[PDB]
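Residue numbers (PDB author numbering), protein chains in the order written: chain C, 1 to 131, 143 to 218; chain B, 1 to 212; chain A, 294 to 359, 366 to 427. Idealized CB from N, CA, C, for every residue including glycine. Have a look at the structure below before the remarks.
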Amino acid sequence: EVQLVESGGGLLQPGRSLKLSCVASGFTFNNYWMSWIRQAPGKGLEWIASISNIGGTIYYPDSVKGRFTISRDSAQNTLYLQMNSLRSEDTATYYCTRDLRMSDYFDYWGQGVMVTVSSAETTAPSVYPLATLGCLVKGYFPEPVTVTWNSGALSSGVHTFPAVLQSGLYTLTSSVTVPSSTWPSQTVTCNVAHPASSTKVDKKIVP
Amino acid sequence: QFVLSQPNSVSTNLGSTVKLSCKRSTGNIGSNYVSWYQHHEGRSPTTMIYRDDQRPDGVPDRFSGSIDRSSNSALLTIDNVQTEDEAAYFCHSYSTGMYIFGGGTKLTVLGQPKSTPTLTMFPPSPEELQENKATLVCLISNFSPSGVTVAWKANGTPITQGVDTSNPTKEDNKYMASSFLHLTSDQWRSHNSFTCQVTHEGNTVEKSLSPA
Amino acid sequence: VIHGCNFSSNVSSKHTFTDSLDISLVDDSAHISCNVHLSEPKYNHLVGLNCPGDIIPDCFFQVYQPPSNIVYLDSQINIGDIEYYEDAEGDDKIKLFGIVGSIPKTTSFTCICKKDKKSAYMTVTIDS
Numbered sequence: 001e002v003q004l005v006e007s008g009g010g011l012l013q014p015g016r017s018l019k020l021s022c023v024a025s026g027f028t029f030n031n032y033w034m035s036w037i038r039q040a041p042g043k044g045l046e047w048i049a050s051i052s053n054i055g056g057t058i059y060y061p062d063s064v065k066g067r068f069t070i071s072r073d074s075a076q077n078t079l080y081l082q083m084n085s086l087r088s089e090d091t092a093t094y095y096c097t098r099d100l101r102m103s104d105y106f107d108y109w110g111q112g113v114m115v116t117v118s119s120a121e122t123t124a125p126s127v128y129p130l131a143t144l145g146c147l148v149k150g151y152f153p154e155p156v157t158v159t160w161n162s163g164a165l166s167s168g169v170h171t172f173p174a175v176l177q178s179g180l181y182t183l184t185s186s187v188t189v190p191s192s193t194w195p196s197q198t199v200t201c202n203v204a205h206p207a208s209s210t211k212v213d214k215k216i217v218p
Numbered sequence: 001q002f003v004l005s006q007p008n009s010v011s012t013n014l015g016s017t018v019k020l021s022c023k024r025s026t027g028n029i030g031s032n033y034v035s036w037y038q039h040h041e042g043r044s045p046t047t048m049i050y051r052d053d054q055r056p057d058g059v060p061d062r063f064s065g066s067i068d069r070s071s072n073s074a075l076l077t078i079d080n081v082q083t084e085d086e087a088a089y090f091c092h093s094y095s096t097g098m099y100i101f102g103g104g105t106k107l108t109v110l111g112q113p114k115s116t117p118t119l120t121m122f123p124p125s126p127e128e129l130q131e132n133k134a135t136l137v138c139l140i141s142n143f144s145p146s147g148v149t150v151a152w153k154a155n156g157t158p159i160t161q162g163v164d165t166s167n168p169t170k171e172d173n174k175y176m177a178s179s180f181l182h183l184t185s186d187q188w189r190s191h192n193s194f195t196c197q198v199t200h201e202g203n204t205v206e207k208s209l210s211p212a
Numbered sequence: 294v295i296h297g298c299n300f301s302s303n304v305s306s307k308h309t310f311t312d313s314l315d316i317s318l319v320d321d322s323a324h325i326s327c328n329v330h331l332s333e334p335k336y337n338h339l340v341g342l343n344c345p346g347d348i349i350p351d352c353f354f355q356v357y358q359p366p367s368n369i370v371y372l373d374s375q376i377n378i379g380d381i382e383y384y385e386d387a388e389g390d391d392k393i394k395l396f397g398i399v400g401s402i403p404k405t406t407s408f409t410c411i412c413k414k415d416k417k418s419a420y421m422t423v424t425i426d427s
């Protein structure tokens, strides 16, 4: 069947270049136009580059001309996208598409490669107590970071909220709803685990 | 060049007919081919309508493409909507050198009844105040659909600087979201009012916090 | 002079084709034909195409057989000294090929030019 396996992205500091690759299978490679589609978090689909059957026609919008360069290799049946001088506004998911020119639509879509551009540093989180009790994990990178109550004592009642970028750093909160006769009659502990820095922080909530 | 405008989100019940519009800025929409794509959260997009009305093999016959020249728009009609249709829908058109896409329409299928959010406020921690830093937490839960816009008010005035809000994700049975407000240690205790407003389905739910 | 077909509407151009048909004035979903026929013993001609939109396929290096499969010109015409040229005048795309010498067998090929929903293809036939 038709498959568009794409790879070659990840996390890197701004200014560095990156070349995405998309190997195509299941169809004659030098007989169909191909394109790259970008989707940023919350901005929707955005076309960035397009190449013809053997590179006879090249297309970019007036927003990334000169900075991006689409390429094609027949000996490897591969579609390449060289993104030089990566900026913070380039963090998005990229897909490679086989489109049909005579019908003006993308027939097949690729797998999807995430590209994240940030000057952020791999640093340990900061845990704070919130008095329903809460544990606030602020200023951490990278993901994931988990928050368990009493080292996994009770499963039902704990709700952990997703993270959000504040100043190029993730931040989340984990809450639990407790009855009246339990708190503050019982000691409550919060264990926050971050595997990247291998940091386990234990906190307590007392008013 | 032209711009394709699409509504942000539309809500329709199960087993009904929905029509998604796609208006063109400049030029007649009938002159260029229109395509419709379905993009699910965390997955690659799939082609739904390739020509103006033709659909490819694999798309159910309930999906249909049409062109309304009276309003210079493209309509995607879905009869007997199923739960699997909850995804984003994108309108595309090519015009000699540029592939213009639409804004995108988040289709939400109404299966569960309407629910209003429940807010949980959290003031800055004492250890953070010893650190001279203020972070206010606003937890929103038990709300459907995900159409929710949050805001923060300091003593009644809308404060925009230092607001970080995540997106609603599927937890429990309804959506769930969090919001955070940055504030200076001394600027927090200066004014004795900080409210977290949540606008969902017309209901503007509010909850306050005071340093007293 | 170019023994080809011109589908562009730009009145000012440094290229001069033997046949010009404005594609912007024809009906939608209609197809225009522009046949080219060469029948001389030895050729030293330049045959090309000026399309105001897109070209299918990447033409004159790979061509469309007279749905059908895409072949390559160097093997269809069977001569390894075919020269290729290109140019761009705004949105207009000019693709040309110069041919020198004889040809072992009469051959024919086709190239499509599409702008919006309008599409028109030109055919080239070289008799040995």
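- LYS149 (chain C) reaches chain B at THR135, counting residues in chain order whose Cβ is nearer than 7 Å.
- Taking CB atoms only, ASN77 (chain C) has no neighbour in chain A less than 8 Å away.
- Each residue's CA atom was taken as its position, placing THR93 (chain C) and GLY112 (chain C) some 6 Å apart.
- Shown here for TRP36 (chain B): same chain residues with a beta carbon closer than 7 Å to its own, the five before and five after excluded, namely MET48, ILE49, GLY65, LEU76, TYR89, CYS91 in chain order.
- Inclusion of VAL109 (chain B) and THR12 (chain B) in the CB contact set at 8 Å is warranted, their separation being smaller than that value.
- Not one beta carbon of chain A lies nearer than 8 Å to the beta carbon of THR149 (chain B).
- In this structure, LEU183 (chain C) keeps its C-beta atom at 8 Å or more from the C-beta atom of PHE152 (chain C).
- Residues of the region 47–62 of chain C that bring their beta carbon within less than 9 Å of a beta carbon in chain A comprise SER52, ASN53, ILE54, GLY55, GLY56, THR57, in sequence order.
- Taken through DSSP and simplified to helix, strand or coil, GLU154 (chain C) comes out as coil.
- Residues of chain B whose Cβ lies closer than 8 Å to the Cβ of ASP390 (chain A) are, in chain order, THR96, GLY97.
- In this structure, the straight-line span from the alpha carbon of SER322 (chain A) to that of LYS307 (chain A) is close to 30 Å.
- Here the alpha carbon of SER25 (chain B) sits roughly 6 Å from the alpha carbon of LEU4 (chain B).
- Neighbours of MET34 (chain C) in chain A, taken as residues whose beta carbon is under 8 Å from its own, are absent, since the nearest beta carbon is some 12 Å off.
- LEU100 (chain C) and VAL148 (chain B) have their alpha carbons spaced roughly 39 Å apart.
- Fewer than three Cβ pairs drawn from the region 55–62 of chain B and the region 124–133 of chain B lie within less than 8 Å of each other, which leaves the two stretches out of contact.
- Counting the other CB atoms within 10 Å of its CB gives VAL2 (chain C) a total below 16, which places it among the exposed residues.
- Setting aside the 5 residues that flank it on each side, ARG189 (chain B) is surrounded in the same chain by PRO211, each with a C-beta closer than 8 Å to its C-beta; the list follows chain order.
- Going by C-alpha positions, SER93 (chain B) is about 12 Å away from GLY103 (chain B).
- Listed as beta-bridge partners of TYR80 (chain C) by DSSP are C:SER21, C:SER71.
- Between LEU81 (chain C) and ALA49 (chain C), the C-beta gap is smaller than 8 Å, which places the two residues in contact.
- Under the Cβ distance rule, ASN32 (chain B) counts among the residues neighbouring chain A, one pair being separated by less than 8 Å.
- DSSP places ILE316 (chain A) in the helix class (H, G or I) of the three-state scheme.
- Against chain B, the CB of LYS394 (chain A) has no partner CB under 8 Å away; the residue lies outside that interface.
- A:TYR371 is the residue among A:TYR371, A:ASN299, A:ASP315, A:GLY297 whose C-alpha sits nearest the C-alpha of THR406 (chain A).
- With a beta-carbon spacing of about 7 Å, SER185 (chain C) and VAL169 (chain C) fall inside the 8 Å limit used to define contacts.
- For the pair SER70 (chain B) and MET102 (chain C), the Cα-to-Cα distance works out to about 26 Å.
- The DSSP-derived three-state label of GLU128 (chain B) is helix.
- With respect to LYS174 (chain B), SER144 (chain B) sits close: the two C-beta atoms are nearer than 8 Å.
- Residue environment for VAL304 (chain A): exposed (fewer than 16 other C-beta atoms within 10 angstroms of its C-beta).
- In this structure, the alpha-carbon of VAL217 (chain C) lies about 8 Å from that of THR198 (chain C).
- Against chain B, the CB of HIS170 (chain C) has a partner CB under 8 Å away; the residue lies at that interface.
- In the three-state reduction of the DSSP assignment, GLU84 (chain B) falls in the helix class, which pools H, G and I.
- Per DSSP, reduced to three states, the secondary structure at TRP109 (chain C) is strand.
- For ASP186 (chain B), the enclosing alpha helix (DSSP H) stretches over residues 185–190.
- The shortest CA-to-CA distance from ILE67 (chain B) to any of B:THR195, B:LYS19, B:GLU41, B:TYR99 is the one to B:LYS19.
- Beta-bridge partners assigned by DSSP to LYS214 (chain C): C:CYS201.
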